[PDB]
Structure formats: C-alpha cells, structure tokens
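Here is the structure we will look at.
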Amino acid sequence: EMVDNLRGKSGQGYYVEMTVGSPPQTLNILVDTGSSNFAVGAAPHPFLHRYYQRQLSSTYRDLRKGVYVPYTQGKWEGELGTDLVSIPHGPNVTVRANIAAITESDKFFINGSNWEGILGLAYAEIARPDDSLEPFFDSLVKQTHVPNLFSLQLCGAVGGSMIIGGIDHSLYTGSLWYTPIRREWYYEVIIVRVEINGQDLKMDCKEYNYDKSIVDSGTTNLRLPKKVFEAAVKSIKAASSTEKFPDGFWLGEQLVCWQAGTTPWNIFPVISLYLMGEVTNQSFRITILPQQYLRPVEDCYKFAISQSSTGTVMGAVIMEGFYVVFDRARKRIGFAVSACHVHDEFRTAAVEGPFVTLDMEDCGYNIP
Ligand SMILES: CO[C@H]1CC[C@]2(CC1)Cc1ccc(-c3cncc(C)c3)cc1[C@@]21COC(N)=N1
C-alpha cells in the first residue's frame with residue numbers, strides 16, 4: 001500500500017503525495033532526510049503546479065511567526081502555522097503538523113519539477129527557526145500509534161518507497177546491518193574505512209567524517225570532504241586508466257559521453273564505505289557500483305561524486321543501491337541490498353559484515 005509511493009526525476013529528488021488542510025489539498029512533497037521543516041509553496045510561483053491555499057482550510061491555525069532560511073544554494077522565507085496533514089499512500093492517520101507556508105524564495109523550486117514542498121525527516125535540533133518547532137515525524141509519532149521508524153527504497157533509472165512506521169522485507173535481499181546514529185540532529189553516522197576496488201585509501205579515519213557524515217535523501221551526489229575526494233578521484237582515475245577523461249569531468253564541470261548501450265562499466269571501480277557497527281570493534285561495509293555514481297543526463301553521464309566543505313553526504317548515489325532503515329526508536333540506521341538497484345551481470349551492490357576495526361570512536365570529529 002506504501003510500496004511505490006515515491007516518484008521523481010533524475011537529479012530532482014523523490015517526492016511523496018500528501019494532503020494538507022480541510023478539505024484536503026493534494027501536494028507533491030520532496031522527501032528529505034537532511035532537513036527538519038515541513039515547508040510548502042503557498043503562493044503562485046510560476047514553476048509551481050499547485051500550492052497550499054490557507055484561506056481554503058477551516059483547520060488552518062496561524063502561529064504568527066515568520067521564518068527566513070538562507071542556505072548554501074539559495075533561500076526560502078515563510079509564515080509558520082499548523083494544519084491537518086495526511087499521506088494517502090502512507091498510514092491511515094491525520095496529524096496536526098507545523099507547516100511553513102513559503103511566500104518568497106530563490107533557487108528553491110525547480111523549473112519543470114513536479115514537487116511544491118519539502119518534508120524534512122531529520123531531528124528538531126536542525127529545525128528552523130529553532131528546535132522548539134516540532135518536525136512532522138515527531139508530531140506523527142506523538143499523535144498516533146505509528147512506530148518511531150521509517151524506511152526508504154530509492155530506485156534509480158524514477159520511483160521508490162517510503163515505508164512509514166515499518167520495514168517491508170520484500171524491498172531488500174540478504175540482511176540488514178545497523179550503524180548507530182552518533183547524534184540526533186541530522187542522521188549522523190561514522191565512516192571508519194574507505195576502499196576503492198578493495199584498496200584502502202589509508203587515511204586518518206577522522207578525515208572521512210570531517211566535520212560530519214550524514215545520510216541525506218535531499219542530496220543527489222555522494223559528497224566527500226575535499227582531502228578524501230582528492231584521494232578517491234586519484235584511485236578511481238588509476239583503476240579506470242584504460243580510458244582518458246578531462247579533469248573537468250572528475251570535478252563535475254563537464255560531461256562524458258559514450259555511444260548508446262556500450263558504456264564501459266567494468267573499467268570503473270567499486271566503492272566501499274565501512275561503517276561503525278552495533279558492537280565494539282565491529283564494522284560492516286556497503287559497496288556501490290559505477291551504476292550508482294555515474295548519473296545519466298538525458299549515453300551521456302555526469303560524475304556524481306563531488307567535493308564538500310560540510311563533510312560526507314550519503315546522498316541518492318549511496319541510497320539507490322540500498323534499502324535504508326531510519327530506526328529512530330533504536331538510534332540506528334540499517335542498510336541492506338535494494339531489490340531495485342541498478343546493476344549488471346558481473347557486479348552487484350553489497351552489504352557485508354562483520355569486520356574487525358579498532359578505534360572506531362576516534363573517527364568521529366569533535367570541535368577542539
Ligand atoms: C530548512 O530549510 C532547508 C534548507 C536546505 C534545503 C531543504 C530545506 C533547501 C532545498 C531545496 C531543494 C533541494 C533539492 C533540489 N534538487 C534536488 C534535490 C534532491 C533536492 C534541497 C534542499 C535542501 C538543501 O539540502 C537539503 N538536504 N535540503
């Protein structure tokens with residue numbers, strides 16, 4: 001009933017259908033594990049298919065508070081209020097949630113996209129304008145019997161599933177391996193080892209998490225810290241030396257093209273991230289393929305691994321390989337091989353363990 005409740009377009013994210021107010025107003029809302037506000041278009045911005053009309057809802061309540069949100073890539077400004085919210089292809093429930101009515105924005109909405117809002121699924125600490133503004137999932141858990149858990153199956157070329165309040169076993173193969181949530185703000189995790197085609201980058205594990213590592217469905221790329229990215233590109237270049245590519249390509253400043261149906265996947269290496277496990281000195285590894293990190297542009301592809309100054313971001317390139325369980329009740333994140341992941345006859349995405357790794361806690365970054 002919740003299976004295939006996500007739709008999308010390549011590089012434009014994944015959205016779920018939601019209803020807001022009384023009578024219900026249907027809206028397509030972007031699923032974002034890297035933010036914590038429920039913010040919807042509330043004015044006729046030309047890129048919008050539809051928007052939330054507060055004057056048409058008898059259950060709308062004004063909080064009489066503004067919210068101004070600049071961010072690296074843009075800005076949004078809204079008016080805070082509460083209303084009745086439901087997910088038609090989710091649990092049979094209605095909650096009173098905080099809604100930020102977007103009244104002004106810049107580089108927020110996408111020209112040609114089918115979503116009109118963002119559902120922030122992370123914790124209160126990162127909510128705007130402060131942690132006193134209760135996020136949607138927290139409201140859903142407080143007002144209903146829905147278990148404090150959700151899982152995501154993002155399927156690359158788009159569709160997928162958001163299982164609210166549970167795990168659907170048919171969406172994954174093999175076993176789920178759990179990594180602890182380091183702190184409840186973003187979905188912060190610890191990377192203890194990085195391998196390119198089984199070859200360790202041999203870096204101080206603190207570099208992998210400088211200044212944080214997060215699981216973010218609202219990001220397309222696998223974002224790596226500058227020093228880690230340099231070492232990863234150097235190794236990927238070496239493993240794929242059988243072909244040449246301008247530098248701009250590895251920088252995402254230009255595209256690479258092959259004649260159709262002939263892309264040389266085997267020349268490209270596998271990428272492995274070892275994550276902190278449940279028990280002391282134990283890790284597991286997640287492995288992704290060039291099918292995840294080479295993103296088709298509509299056979300032309302973009303290198304979807306990029307430099308970052310905000311730490312590791314496990315975006316859509318990571319998540320598309322895997323069934324991801326956001327186990328909020330147990331403060332952990334589960335990973336299992338996705339039954340919908342894109343692969344070939346030679347290599348498959350993998351979740352393997354246990355491994356023995358020492359000093360895993362030394363890998364977290366802490367402000368001096
Ligand atoms: C509280 O205000 C926050 C500020 C930051 C944004 C969310 C709301 C704003 C925003 C707008 C669009 C997209 C997006 C565009 N295209 C494709 C994808 C997949 C997503 C992502 C985001 C952000 C920025 O990063 C994350 N994770 N969400």
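Chain labels run A, B, ... following the order of the structure tokens; each chain numbers its residues from 1, and ligands are numbered from 1 in the order shown.
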Residue 334 of chain A environment, 9 Å, only C-alpha atoms, sequence neighbours closer than 6 positions dropped, as a VMD selection string: chain A and resid 151 176 to 180 323 to 327
Limited to C-alpha atoms, could you put the picked residues into a file as a PDB file, in the first residue's frame?
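Output file result30.pdb is given in full below:
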ATOM      1  CA  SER A 151      12.471   3.236   5.677  1.00  0.00           C
ATOM      2  CA  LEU A 176      20.131  -5.528   7.358  1.00  0.00           C
ATOM      3  CA  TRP A 177      23.296  -4.204   9.046  1.00  0.00           C
ATOM      4  CA  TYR A 178      22.951  -1.327  11.514  1.00  0.00           C
ATOM      5  CA  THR A 179      25.161   1.690  12.153  1.00  0.00           C
ATOM      6  CA  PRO A 180      24.494   3.832  15.288  1.00  0.00           C
ATOM      7  CA  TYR A 323      17.166  -0.270   1.437  1.00  0.00           C
ATOM      8  CA  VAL A 324      17.685   2.289   4.238  1.00  0.00           C
ATOM      9  CA  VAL A 325      16.051   1.948   7.677  1.00  0.00           C
ATOM     10  CA  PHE A 326      15.894   5.064   9.845  1.00  0.00           C
ATOM     11  CA  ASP A 327      15.393   3.326  13.167  1.00  0.00           C
TER      12      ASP A 327
END
Can you build me a table of chain A residues sitting at most 9 Å from ligand 1, with the closest atom pair per residue and its distance in Å to one decimal, using only C-alpha atoms and all ligand atoms, sorted by chain and residue number, as a tab-separated table?
residue	atom	partner	partner_atom_place_in_ligand_line	distance
A:10	CA	ligand 1	17 (C)	8.7
A:11	CA	ligand 1	17 (C)	5.5
A:12	CA	ligand 1	17 (C)	4.1
A:13	CA	ligand 1	19 (C)	3.6
A:14	CA	ligand 1	19 (C)	6.9
A:30	CA	ligand 1	20 (C)	7.4
A:31	CA	ligand 1	19 (C)	8.3
A:32	CA	ligand 1	27 (N)	5.8
A:33	CA	ligand 1	27 (N)	6.7
A:34	CA	ligand 1	27 (N)	4.2
A:35	CA	ligand 1	3 (C)	5.4
A:36	CA	ligand 1	1 (C)	6.1
A:37	CA	ligand 1	1 (C)	5.3
A:38	CA	ligand 1	1 (C)	8.1
A:39	CA	ligand 1	8 (C)	7.5
A:68	CA	ligand 1	2 (O)	9.0
A:69	CA	ligand 1	2 (O)	6.0
A:70	CA	ligand 1	4 (C)	7.1
A:71	CA	ligand 1	4 (C)	5.6
A:72	CA	ligand 1	24 (C)	7.6
A:73	CA	ligand 1	24 (C)	7.3
A:74	CA	ligand 1	9 (C)	7.3
A:75	CA	ligand 1	9 (C)	7.4
A:76	CA	ligand 1	2 (O)	7.3
A:107	CA	ligand 1	11 (C)	7.6
A:108	CA	ligand 1	11 (C)	4.8
A:109	CA	ligand 1	12 (C)	6.7
A:110	CA	ligand 1	16 (N)	7.2
A:117	CA	ligand 1	11 (C)	8.8
A:118	CA	ligand 1	8 (C)	6.7
A:119	CA	ligand 1	8 (C)	8.3
A:120	CA	ligand 1	8 (C)	7.0
A:126	CA	ligand 1	1 (C)	7.8
A:127	CA	ligand 1	1 (C)	6.4
A:128	CA	ligand 1	1 (C)	5.8
A:129	CA	ligand 1	1 (C)	8.3
A:216	CA	ligand 1	27 (N)	5.8
A:217	CA	ligand 1	19 (C)	6.5
A:218	CA	ligand 1	19 (C)	4.0
A:219	CA	ligand 1	19 (C)	4.5
A:220	CA	ligand 1	19 (C)	5.1
A:221	CA	ligand 1	19 (C)	8.8
A:315	CA	ligand 1	19 (C)	8.1
A:316	CA	ligand 1	19 (C)	7.5
Run DSSP on the backbone of this structure and report the residues of segment 86-319 of chain A it assigns to alpha helix (DSSP H), as an NGL selection string. :A and (136-143 or 205-208 or 226-239 or 247-250 or 290-293 or 316-319)
Residue 256 of chain A surroundings by only C-alpha atoms, 7 Å radius, close-in-sequence under 4 positions cut, as a PyMOL selection string: chain A and resi 249+300-302
As an exercise, work out the distance from atom CA of residue 366 of chain A to atom CA of residue 330 of chain A in Å and give it to one decimal place.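 Value for the atom CA of residue 366 of chain A-atom CA of residue 330 of chain A distance: 23.1 Å.
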I want to know what sits within 10 Å of residue 98 of chain A, based on only C-alpha atoms, with residues of the same chain fewer than 5 positions away left out; could you give that as a list in words?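 Those residues are residues 37, 38, 39, 61, 62, 63, 80, 81, 82, 83, 84, 85, 133, 134, 135, 136 and 139 of chain A.
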Please extract the residues of segment 39-80 of chain A with a backbone DSSP assignment of strand (DSSP E or B) and present them as an NGL selection string. :A and (39-41 or 61-71 or 74-80)
For the selection you just gave me, I'd like the residues written to a file as a JSON list (two decimals), in the first residue's frame, keeping N, CA, C and O atoms.
[["chain", "number", "residue", "atom", "x", "y", "z"],
["A", 39, "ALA", "N", 7.88, 22.49, 4.78],
["A", 39, "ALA", "CA", 7.74, 23.80, 4.11],
["A", 39, "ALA", "C", 7.11, 23.64, 2.73],
["A", 39, "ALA", "O", 7.63, 22.89, 1.91],
["A", 40, "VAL", "N", 5.97, 24.30, 2.49],
["A", 40, "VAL", "CA", 5.23, 24.15, 1.23],
["A", 40, "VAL", "C", 4.99, 25.50, 0.52],
["A", 40, "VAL", "O", 4.81, 26.52, 1.17],
["A", 41, "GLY", "N", 4.97, 25.46, -0.80],
["A", 41, "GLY", "CA", 4.63, 26.62, -1.63],
["A", 41, "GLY", "C", 3.22, 27.05, -1.30],
["A", 41, "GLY", "O", 2.32, 26.21, -1.21],
["A", 61, "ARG", "N", -4.34, 27.10, 11.37],
["A", 61, "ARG", "CA", -4.09, 27.95, 12.54],
["A", 61, "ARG", "C", -2.76, 28.66, 12.34],
["A", 61, "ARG", "O", -1.75, 28.01, 12.08],
["A", 62, "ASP", "N", -2.77, 29.99, 12.43],
["A", 62, "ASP", "CA", -1.60, 30.84, 12.29],
["A", 62, "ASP", "C", -0.79, 30.83, 13.57],
["A", 62, "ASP", "O", -1.36, 30.97, 14.66],
["A", 63, "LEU", "N", 0.54, 30.66, 13.46],
["A", 63, "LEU", "CA", 1.43, 30.71, 14.62],
["A", 63, "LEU", "C", 1.93, 32.14, 14.87],
["A", 63, "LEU", "O", 2.54, 32.40, 15.91],
["A", 64, "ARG", "N", 1.66, 33.07, 13.92],
["A", 64, "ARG", "CA", 2.04, 34.49, 13.93],
["A", 64, "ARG", "C", 3.57, 34.65, 14.09],
["A", 64, "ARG", "O", 4.06, 35.51, 14.84],
["A", 65, "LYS", "N", 4.30, 33.81, 13.34],
["A", 65, "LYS", "CA", 5.76, 33.78, 13.34],
["A", 65, "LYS", "C", 6.29, 33.57, 11.91],
["A", 65, "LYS", "O", 5.78, 32.74, 11.15],
["A", 66, "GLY", "N", 7.28, 34.38, 11.55],
["A", 66, "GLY", "CA", 7.97, 34.29, 10.27],
["A", 66, "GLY", "C", 9.18, 33.38, 10.40],
["A", 66, "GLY", "O", 9.62, 33.08, 11.51],
["A", 67, "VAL", "N", 9.68, 32.90, 9.26],
["A", 67, "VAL", "CA", 10.87, 32.04, 9.20],
["A", 67, "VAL", "C", 11.67, 32.44, 7.94],
["A", 67, "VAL", "O", 11.09, 32.54, 6.87],
["A", 68, "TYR", "N", 12.95, 32.78, 8.11],
["A", 68, "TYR", "CA", 13.82, 33.17, 6.99],
["A", 68, "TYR", "C", 14.95, 32.17, 6.93],
["A", 68, "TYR", "O", 15.63, 31.95, 7.94],
["A", 69, "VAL", "N", 15.12, 31.52, 5.78],
["A", 69, "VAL", "CA", 16.10, 30.44, 5.69],
["A", 69, "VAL", "C", 17.06, 30.56, 4.50],
["A", 69, "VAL", "O", 16.78, 30.07, 3.40],
["A", 70, "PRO", "N", 18.25, 31.13, 4.73],
["A", 70, "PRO", "CA", 19.26, 31.11, 3.68],
["A", 70, "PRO", "C", 19.99, 29.76, 3.78],
["A", 70, "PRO", "O", 20.09, 29.18, 4.86],
["A", 71, "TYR", "N", 20.50, 29.30, 2.68],
["A", 71, "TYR", "CA", 21.22, 28.06, 2.62],
["A", 71, "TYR", "C", 22.19, 28.19, 1.47],
["A", 71, "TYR", "O", 22.15, 29.16, 0.75],
["A", 74, "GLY", "N", 20.76, 28.81, -2.01],
["A", 74, "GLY", "CA", 19.52, 29.53, -2.20],
["A", 74, "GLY", "C", 18.87, 30.07, -0.97],
["A", 74, "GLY", "O", 19.48, 30.19, 0.05],
["A", 75, "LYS", "N", 17.62, 30.43, -1.09],
["A", 75, "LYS", "CA", 16.88, 30.89, 0.09],
["A", 75, "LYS", "C", 15.37, 30.68, 0.03],
["A", 75, "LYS", "O", 14.78, 30.65, -1.04],
["A", 76, "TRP", "N", 14.74, 30.52, 1.21],
["A", 76, "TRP", "CA", 13.29, 30.45, 1.34],
["A", 76, "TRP", "C", 12.82, 31.19, 2.58],
["A", 76, "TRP", "O", 13.51, 31.22, 3.60],
["A", 77, "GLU", "N", 11.66, 31.79, 2.48],
["A", 77, "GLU", "CA", 11.06, 32.56, 3.55],
["A", 77, "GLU", "C", 9.60, 32.15, 3.64],
["A", 77, "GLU", "O", 8.93, 31.96, 2.62],
["A", 78, "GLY", "N", 9.13, 31.99, 4.85],
["A", 78, "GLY", "CA", 7.76, 31.57, 5.05],
["A", 78, "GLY", "C", 7.08, 32.10, 6.29],
["A", 78, "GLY", "O", 7.70, 32.77, 7.11],
["A", 79, "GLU", "N", 5.79, 31.76, 6.40],
["A", 79, "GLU", "CA", 4.96, 32.11, 7.54],
["A", 79, "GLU", "C", 4.61, 30.78, 8.23],
["A", 79, "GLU", "O", 4.28, 29.83, 7.54],
["A", 80, "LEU", "N", 4.79, 30.69, 9.55],
["A", 80, "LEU", "CA", 4.52, 29.46, 10.30],
["A", 80, "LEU", "C", 3.07, 29.35, 10.73],
["A", 80, "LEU", "O", 2.46, 30.33, 11.12]]
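Interatomic distance, atom CA of residue 320 of chain A to atom CA of residue 286 of chain A: 11.9 Å.
In terms of minimum interatomic distance to residue 87 of chain A, A:137 ranks closest within A:50, A:229, A:155, A:137, counting only C-alpha atoms.
Restricting the calculation to only C-alpha atoms, the smallest distance between residue 328 of chain A and any of A:305, A:191, A:42, A:122 is found for A:122.
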Choose the residue, out of A:312, A:291, A:148, A:57, that has the smallest atom-to-atom separation from residue 347 of chain A; count only C-alpha atoms.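 Closest residue, counting only C-alpha atoms: A:291.
Residues lying within 10 Å of residue 346 of chain A, counting only C-alpha atoms and ignoring same-chain neighbours fewer than 2 positions away, are residues 265, 266, 343, 344 and 348 of chain A.
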If you count only C-alpha atoms, which residues fall within 7 Å of residue 304 of chain A, apart from same-chain ones fewer than 4 positions away, as a ChimeraX atom specification? /A:221-222,293-295
Store the residues of this selection in a file with N, CA, C and O atoms, as a short mmCIF file (atom, residue, chain, number, x, y, z; two decimals), in the first residue's frame.
data_model
loop_
_atom_site.label_atom_id
_atom_site.label_comp_id
_atom_site.auth_asym_id
_atom_site.auth_seq_id
_atom_site.Cartn_x
_atom_site.Cartn_y
_atom_site.Cartn_z
N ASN A 221 24.29 13.70 -5.05
CA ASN A 221 25.63 13.16 -5.03
C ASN A 221 26.06 12.48 -3.76
O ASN A 221 25.47 12.67 -2.70
N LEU A 222 27.16 11.74 -3.88
CA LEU A 222 27.95 11.26 -2.76
C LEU A 222 28.93 12.44 -2.57
O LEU A 222 29.74 12.73 -3.46
N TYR A 293 27.24 5.87 -9.01
CA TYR A 293 27.98 7.12 -9.11
C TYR A 293 28.15 7.79 -10.49
O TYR A 293 28.62 8.91 -10.58
N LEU A 294 27.75 7.11 -11.54
CA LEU A 294 27.67 7.75 -12.83
C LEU A 294 26.22 7.99 -13.21
O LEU A 294 25.48 7.08 -13.50
N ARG A 295 25.84 9.26 -13.25
CA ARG A 295 24.44 9.63 -13.34
C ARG A 295 24.11 10.00 -14.75
O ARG A 295 24.68 10.93 -15.29
#
